[PDB]
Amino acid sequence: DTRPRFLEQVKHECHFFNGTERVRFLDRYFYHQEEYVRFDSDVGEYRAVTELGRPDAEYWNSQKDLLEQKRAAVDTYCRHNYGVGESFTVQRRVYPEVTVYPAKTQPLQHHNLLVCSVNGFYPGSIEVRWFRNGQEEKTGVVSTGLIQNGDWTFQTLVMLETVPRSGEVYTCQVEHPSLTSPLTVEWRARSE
């Protein structure tokens, strides 16, 4: 199918700061990916983003009850929906699972990548740190960053470049809002 395509998008956005103390509502209209007109609760009326949105901003702003309704959206729509969804979204907590393994089987004294795989957690904000004999490694850390799985869980893989030697204990430490104390998983340096 080579027929040209045309796409319309609308995004009704609620941005929440400090719980619901401060809320910003955005009513946004797009053609393909180009926003052409929007209502911003911080502005208080529709504004043309491109020249194609000028007829709609002028028309919608002339409808007084329509404008008052959109100006109240921070309460009737944003705050309401936050309240309804809070228990299973804002307050959703799922534990990370932490697995540690060397990327290759090597004798000691050879370079290697130690992998810290952190899986299944929610929410996304997380801190993963590498330690060698209790000392934090601030160098040689290679991270995928945060990976969204699409099913309300995340994963991240944090690797450490090192040369494992006899006696060393490497520790991956994870801090996460689901946890009351850091979760740690060790790999004691050993051949293969």
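Quick note: we count residues from 1 along the sequence shown, nothing fancier.
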message = Can you tell me whether 163-171 has a higher mean C-alpha B factor than 145-153 in this record, or the other way round?
response = 163-171
request  = Would you determine, from the values in the PDB entry, which of 53-61 and 39-47 has the greater average C-alpha temperature factor?
outcome  = 53-61
inquiry  = Can you tell me which of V74, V115, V90, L108 has the maximum CA B-factor listed in the PDB entry?
reply    = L108
query = Which has the highest CA B-factor per the PDB entry: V158, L66, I126, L26?
reply = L66
note = Chain-relative C-alpha B factor for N18 (record values, thirds): the middle
remark   = Split the chain's modelled residues into thirds by Cα B-factor; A189 lands in the highest
